[PDB]
Amino acid sequence: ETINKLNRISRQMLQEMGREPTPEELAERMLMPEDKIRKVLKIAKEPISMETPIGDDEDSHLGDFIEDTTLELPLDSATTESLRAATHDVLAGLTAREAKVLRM
Amino acid sequence: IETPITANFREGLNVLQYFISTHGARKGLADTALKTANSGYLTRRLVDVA
Amino acid sequence: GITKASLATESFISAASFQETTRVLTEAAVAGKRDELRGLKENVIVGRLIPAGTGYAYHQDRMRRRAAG
Amino acid sequence: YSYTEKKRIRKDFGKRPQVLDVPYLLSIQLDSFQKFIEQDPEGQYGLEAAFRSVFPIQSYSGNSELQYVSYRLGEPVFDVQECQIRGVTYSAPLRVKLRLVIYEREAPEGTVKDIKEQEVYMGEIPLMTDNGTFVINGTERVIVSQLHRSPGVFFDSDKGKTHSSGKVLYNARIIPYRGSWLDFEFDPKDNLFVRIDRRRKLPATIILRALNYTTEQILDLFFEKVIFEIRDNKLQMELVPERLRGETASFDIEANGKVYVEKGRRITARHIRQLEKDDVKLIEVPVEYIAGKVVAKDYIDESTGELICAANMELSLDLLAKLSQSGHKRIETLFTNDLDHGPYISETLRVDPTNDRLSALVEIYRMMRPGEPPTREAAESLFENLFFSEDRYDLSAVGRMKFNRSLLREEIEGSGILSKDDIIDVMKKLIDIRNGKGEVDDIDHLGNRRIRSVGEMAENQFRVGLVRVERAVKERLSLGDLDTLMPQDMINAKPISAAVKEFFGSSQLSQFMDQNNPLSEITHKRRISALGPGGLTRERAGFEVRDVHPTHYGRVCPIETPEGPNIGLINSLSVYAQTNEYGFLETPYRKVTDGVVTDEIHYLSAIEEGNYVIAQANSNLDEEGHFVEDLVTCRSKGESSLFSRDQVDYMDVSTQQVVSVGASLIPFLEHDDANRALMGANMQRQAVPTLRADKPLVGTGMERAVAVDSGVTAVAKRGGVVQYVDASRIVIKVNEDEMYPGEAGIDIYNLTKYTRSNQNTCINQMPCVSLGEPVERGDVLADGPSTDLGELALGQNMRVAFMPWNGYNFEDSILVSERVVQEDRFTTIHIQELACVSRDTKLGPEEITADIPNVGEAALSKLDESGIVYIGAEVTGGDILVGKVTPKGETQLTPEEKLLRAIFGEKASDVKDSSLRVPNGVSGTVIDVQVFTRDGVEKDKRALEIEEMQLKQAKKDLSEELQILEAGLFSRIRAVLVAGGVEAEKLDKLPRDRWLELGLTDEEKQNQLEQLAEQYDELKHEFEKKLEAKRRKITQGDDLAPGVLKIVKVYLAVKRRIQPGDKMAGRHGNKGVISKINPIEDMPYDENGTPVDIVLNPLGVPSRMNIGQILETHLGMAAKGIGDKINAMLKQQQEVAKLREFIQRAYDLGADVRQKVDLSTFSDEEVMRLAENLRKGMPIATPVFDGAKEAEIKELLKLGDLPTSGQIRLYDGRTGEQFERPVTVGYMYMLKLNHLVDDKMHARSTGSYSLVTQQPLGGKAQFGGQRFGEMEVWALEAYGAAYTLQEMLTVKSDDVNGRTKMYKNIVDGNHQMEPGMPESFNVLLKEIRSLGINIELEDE
Amino acid sequence: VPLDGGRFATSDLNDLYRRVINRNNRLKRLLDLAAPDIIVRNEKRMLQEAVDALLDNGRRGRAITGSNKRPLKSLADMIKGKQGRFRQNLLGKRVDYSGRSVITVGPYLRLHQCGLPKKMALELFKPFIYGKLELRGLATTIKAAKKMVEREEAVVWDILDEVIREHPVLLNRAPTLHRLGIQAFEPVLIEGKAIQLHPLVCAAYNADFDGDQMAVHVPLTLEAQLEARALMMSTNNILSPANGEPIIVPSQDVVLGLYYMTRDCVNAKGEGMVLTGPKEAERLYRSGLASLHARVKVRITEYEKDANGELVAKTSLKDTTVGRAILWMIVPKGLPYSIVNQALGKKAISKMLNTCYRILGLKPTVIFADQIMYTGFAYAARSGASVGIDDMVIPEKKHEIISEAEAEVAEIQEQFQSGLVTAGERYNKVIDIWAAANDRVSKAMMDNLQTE
Ligand SMILES: O/N=C(\Nc1ccccc1)c1cccc(C(F)(F)F)c1
Ligand SMILES: [Mg+2]
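If you read the protein sequences in the order shown, they are chains B, C, V, F and S. Here the first sequence stands for residues 458 to 561, where the numbers follow full-length UniProt numbering. Here the second sequence stands for residues 755 to 804, where the numbers follow full-length UniProt numbering. Here the third sequence stands for residues 1308 to 1376, where the numbers follow full-length UniProt numbering. Here the fourth sequence stands for residues 3 to 1342, where the numbers follow full-length UniProt numbering. Here the fifth sequence stands for residues 253 to 704, where the numbers follow full-length UniProt numbering.
Dropping the structure here:
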């Protein structure tokens, strides 16, 4: 209902301002804290079909371009496996009780 | 056409002769570019069958 | 004809590749068809060694071990 | 002769005088849009027309009407430059007056109230640049002209392939500009059928019934009448004597006591003549002849009131009896002949399932919208709404015109809808074609091919916006309260604005201008496309439409078309071509009246040109211009042959008009095979500009036109003397004759300086004029990129030798001397725009601050306190342009990392480094930085520095304006005051500000003083308002996307020179890729000791037949000869006489050319400069097909001191020994296309990966791996290599496990693979199993 | 998964699945509320439609995705894929450890190698480089190794020279047709961004030099190295699999070289003299005393292996030219002098390699071919062959042929004017005379150009 309420104002104010109300303009018109315009206006958007075609009409579709950011680079994982050998080596360099206490 | 190209490339070709050569050119490019696709399709069918 | 002969293939995974996928999958799914691989296309699809060339040694060694003691 | 022509003149071979000179090349683009947005006080196309169409909008019966008054386009929010920098669209607000009237309920019509809402705003429509371009987002964009099937009626064949019985078929098609298609077609049974759009087939007559025609009137329409009389008793007949043609006597034909024809004797022209001259109106026929004859109208029994026979029924000997005894004297029958007049419609009725109008309407409505129950009002509404509604249907003007014309009508203009007469006429014509009289048209003809352009299309999209606003207005006017709402609350902004924005922003015809090159620009702006909306597709249409047609002559260039997926679906516009009044393509011609060739020009369209006989561009006439030979090669109707002396109606205007600006720029084109010429004109558009714009040494004479007409250069608005010349600006003092009385004046040209182009090349203007120089109106003030002194230089000509050099030239390969890379001539300047975005995450806002986790002092050095790189700082790959950091909290580390941090006491930051760094390997100098900020967020340090700087620069510039202007005006006041009251020394003493008080004796000069006063003060305040406006435009926070707080754009200028791997080509379609860059030491040299720049492989010359590239070489050498000689005589400093002599000698050249020449030119100051400009080489113009000849070239070589062969002795720079045989050396113009090798080059080891299916994907512009396809797989399969293939499709790509497990082994020194299963197939399993299909992996 | 600007993007299946859920749940509700039949039926049909749309869309109504006209992609469309019949193995797959670029010549190369841009080889072999850097202990850890090669420290180039040596790379061109479309080469580190490709191989790839690009792939696993070297290697395919004829046949410049080399003019320096052997024949030529082509008798020693696995030798005075004499130095062992004594056209120069292969075996044929290429390029370069505008000779009799043939057409035309011949027969006649004329001019210019 809030979103709709914003739309209503944006309609008159579209030609009334001759350009369009500033992003903070509809904010004063509305009751609440008014910085909420950004959040509400953003979250209100509908997700884009991951099958949305881009370029060439070719089978390249939007979803094909979305990379995995949750993965871990091999150039790193190698250094994890290496760091194991590192700290494991250096933990053989102290007394067994210092080693036990540090590994603990 | 019953009036061939009487000139050649060492000499100049006039407007008409060149305009008439153009069709042969475009049909050449089109035909070859198509025969590439035909060849490919054929190899496809072939490796599929073997 | 070649395009006709390519139609019949024991392996359904192979057929699903170059033929009409939907029909092949259904028509195989009813008979409970069991794909044994044994071919190139299917092995490429499933991502293991090609039953030819360098790989021919492997598959052979596997093919004879199969249906045997 | 002009002023920059005195600087340099191009020696022009060729004979044919130019009767007409090349027009404005940008014509189409500007004219179209000029028509779109404009005020036209009538229905002629424009915003006015599109308004008058959908308007006025009345509600549904409610008598609340909204009409349209007038519209206006407000001044642009930002001008072109600012709009380019900021990134917004160059557009004007559309303000339209609407009038809302409310009629008193239960009228005579009168209004309760009418509110006129002043100019409600709908949308902002984009504006076209003076150069015919649009700026959508900060980017110059061109909308390609479209080529489609012209609206009207069209008759086709479809012989052959259908049914394989031959017999052809005949179909007509009515194609409206808007609305449904109406198709008519025959079938193998000769039954006429009709289909609306592509829909279900219906028997033709079923439409006629819907027009309210009973069967009797259909027969009455399509067939003639055979009259039968029963007079006395037993069967007479009316006979039109022509009816007996093509038929054999079925009985004794006798009348008037004289027997004209016996039984079994076919009736020929003799019998017919006899009957005609003996005038036999009525003859006696047997009762059995009507056994086949079909009755025309209905027949009833007068007494019993019962139907004897229905209309269109076959009579029998018994039926005749039953209608005879009823007292019927007359029987009307159809006139039917299986040869001449066909019995088609009659048999069409027998396949017609319907009876009356309502029946037909039912079968039509159920055809268009099937499955749903039909209604009377529904069928009527639909059928009336299809072709008969002013709303849903238009052929417009072109449509109505072609329609009426093709129907052999008189009226060239008429209603925009269909009439019963129209449909009936079309059917009649189709039947006439099936009957043998008349022919079918063809689609490829350019009379059936219509040309749209930006304006028309934009009009269409705006129209669509207006219909979707119409629905809204009616929807609101449904429930409305009287005086509260007004024409604002209804009409929205977004719908129209998004219609137009969706057009210019994304459309197959809307594309980024290709600006790497003036030729590229100008050849893009003239372009045609049969693709896009309302056009065909590559997949759809075959070779017929792609192919060159005889009608393409002089209209579309035969040799310039793309070579690829779409060939001939584009082409290009010809040189002299123009859009026809109706929108067709017409070409210039010379009218030959009687036996004289008149120089009067005449423009002929595709259909206009058809019947006339047209002469050749190449022909021999003399004196009065009478044809020398008794017969000359000409083309009349669709073909070319020898034609008699005086037959010819017309003649070609130019030797050029067949080709296009691109093809017209190829010298010695006549000597090149069409394929290679095509490729040549195709690649010439790809030439990247060079650092020093050179000039073509070998040329055409079009280059001047291409240079000037394209906006790359800066042309004088008015003539005068240059007051000031700077690398920044140029100020010209206007002559009084060209000058307006008020404001006095000077014309100030602000030059474009180094800035980003669309292709990321450098676009920069340089002044070609010097301080205090005379300039003429229409003269080049400053050259753009790749233009020299008003001509077009797309590259640099150079010394070339044809000979194999150690295989380094092997295929097309090019071998280039080090002298070239050292001279920095083929060097190129690239301008790249890199961006940095500061977004908003739930974790926090991103900072542009210079405080960056994990960077050395060397890293943070090149950045200021604010985090942005300094202007002018040279950077390379990895350098930080803009420091940026985004919050990521709580890293969540592991045990050994925790121990590590414990020992080394490091605080692992809550912030991650997002900073924009120069992409790998690219290196250049920073020429600019821009900072966009959300309106309301505090501008940072650097951005503020920038704002103050820009402010001061603005004030300085505006002040300069006002100063030069004011001085210019007061200098005029000083001059006018001196007439009638001259005081010379007295006037300039007192302060200049106090001058305006002093008057003058009675005269118009007092009123001139008045004028200068008014305009003075006008400028004075205009400065003020302009300054205020500029300041506000600087300070306003630009509106950005959601989530982005601020954006920093850095502009890098990289200078790349030339390296092996770069693509190079001549204008002749000869490609090459530089192989080795060889030392000047190893270069083949001549006896004089002068090395050669490039060594071309001769083997490339014979096979691909382009012989022009050789001629171009030869003449080129010759040209250089004329240069060298002069270079010596200038270095001799002989005197003006010797130089003048030699130059004139050059400019004459032995006989019969059209050039003329000097000594009208000032013998000292002007001549020496010309000689100075010629010393590099002597520029030559070879007209396209009018170009030079071997003899002329050899003669110029005689003047050169150089051999006739064009070949000399060359010595290997290595052994110093000679080369057997002479080798061809000369000067070839060579282009650097931008394929440049450090763009194309890519490599990847282990990069990012796609989420949906785990596969290699570039996310960093760190490129995704190469795609290994099916064919490559087969290639691996032919070899015995299993492991290469497995590793190819498993570990190197698709295996999320195997890839890393591989990497660790690759570093460990163990080469193996533990493959696992590719994730693609593993996903496919889930996809299959997601259905009701169980797919399992068995056994072990 | 989320995007930039806080926007979201998702597969269409959700839109589909969601529907199937909703309606399904609604149906359950309509059961517990005891709805009339007409309602629950409609709900059942709707559920059927939703499920159908989910599984395979387009077999009933073709439902459209939210706010977007384009029909939403269903599971059957997920399986089928597109570009005709391609299942993501079939169309292609992105692959790590690979690259590509514009290609250039590199005639200096042996047939078994290829020029590889330094930077490309650096980025390609990166993991190998990392492992080798800390194998010798030049880098403390893998991280430090990365920092080293990323800094491009001078020491890494030599390590790259190590990891490159015995380690073949696969080269591929765009239109792969037969198996020769991919071939293995030994990498040669080369400054510059272009790939260098041996000329003799340019035939197999159908690769011009006009800007065609080639792709490189690294054979990671040991088995891939040995597969590449023993199968996909350049030297291991010298023959087309289609027919036993050599695909390594010299292309253009080289054959013009050998052609210009062994050929003879009528009179030239050194004509008629005699020399001890090919050595002093070349010595005669380079010093400028004797012409490259002149009729000369020289003593040669040829070989025939015609004994049993054994090379016979025989010496004689052969009547040959200077060029053929010089060229003979290259021809290995058991080949007869008869093979080089001819004019050496593109056809004969192929049968040379062929006979060499069917006689001496693989290795000699390889090295022979290489030598033939080198000498071809060299001597062709020496020859100073070129093309001028006067190199193309038009017959002197052309205009006359044109004129007579032009008389013929006006003759047949005059016959058509008088009705002596029908239109079609006329057409055929005129066309025949013009064709014949063309043949005449062709066989004029052929004689003049050829023997004059
Ligand atoms: O004599 N024939 C022709 N002469 C001819 C010459 C110039 C322009 C137009 C026609 C001819 C007739 C049809 C089609 C073609 C074309 F397009 F292929 F060049 C050429
Ligand atoms: Mg090529």
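Ideal Cβ positions, reconstructed from N, Cα and C, are used throughout, including at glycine.
As assigned by DSSP and simplified to three states, the class of residue i
i	result
F:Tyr-62	coil
F:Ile-285	strand
F:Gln-686	helix
F:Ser-662	coil
S:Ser-568	strand
residue 1349 of chain F	Examination of residue 1349 of chain F is not possible in this model, given that chain F is present from 3 through 1342 alone.
S:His-430	coil
Proximity test, Cβ basis, 8 angstroms: residue i and chain C
i	result
V:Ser-1313	yes
Check whether residue i and residue j have beta carbons under 8 angstroms apart
i	j	result
residue 1346 of chain F	F:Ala-251	Past the edges of chain F, shown from 3 to 1342, lies residue 1346 of chain F, and the structure says nothing about it.
F:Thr-589	F:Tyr-605	yes
F:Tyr-70	F:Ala-495	no
S:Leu-536	S:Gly-522	yes
F:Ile-1096	F:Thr-1226	no
Any chain F beta carbon closer than 8 angstroms to residue i
i	result
C:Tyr-795	no
S:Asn-341	yes
V:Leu-1344	no
C:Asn-792	no
Local Cβ density within 10 Å of residue i, reported as buried at 16 or more and exposed below that
i	result
B:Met-489	exposed
F:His-526	buried
F:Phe-906	exposed
F:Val-984	exposed
Minimum Cβ-Cβ distance from residue i to chain V less than 8 angstroms
i	result
S:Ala-328	yes
F:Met-1304	no
F:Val-90	no
Closest by C-alpha distance to residue i, when choosing among the options
i	options	result
F:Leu-1204	F:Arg-1223, F:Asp-1126, F:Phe-1187, F:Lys-1158	F:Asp-1126
F:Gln-659	F:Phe-670, F:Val-630, F:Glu-947, F:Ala-579	F:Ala-579
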